[PDB]
């Protein structure tokens, strides 16, 4: 049995899956679909995933789509390279950080959404509201990296970094100068960006396209 994963460029849910696969060094087959050409809605994809989304994934008769379910399945199916420590108490912290990352999406990426959605309708009395929420959110993670001095959950790479980093990258892709404002996250970013597995899974379309820059003002 050899895993197969349909995924697109610039998608954190897909990145999570690719990182897990690479980090555990599992040989897999893939189909890099085009979002702009709506390939995530192909019939081939819909048979496996009624929601027409990526990642979509198989491994024999095993079919799983939620990026988080795929990662959990991979951790359980291919145990040789653990992305979780063995200590139950410490694993709890890894799980905490993993799932807590859904907050970045809401409190951070909302800042970008707003400027794009209701554009031309810029209300700085509200703009400064969500901007402060983004910073409040990032502060938590900043403190976390500060607290460990290394990776988002512990002093080693774990499933939590698989969830967190893609979000950090997307933030920087939007142009966040975190160098001085969030020295720990930035230190974490540059550190991670240097990890082989991450260099290998950078979103394909990023190199030859310009940053959306919806965050150039962040900090």
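Numbering follows the first chain given and starts at 1.
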With B-factors read from the PDB entry, the higher C-alpha mean of 82-90 and 110-118 is in 110-118
Of 144-152 and 123-131, the stretch with the higher mean C-alpha B-factor in the deposited entry is 123-131
Among 45, 160, 192, 178, the highest C-alpha B-factor in the PDB entry belongs to 178
Among 50, 166, 183, 55, highest Cα B-factor in the entry goes to 183
Among the modelled residues of its chain, the C-alpha B-factor of residue 103 falls in the third labelled middle
The third of the chain into which the C-alpha temperature factor of residue 22 falls is the lowest
Of the three thirds of the chain ranked by Cα temperature factor, residue 66 occupies the lowest
Split the chain's modelled residues into thirds by Cα B-factor; residue 211 lands in the highest
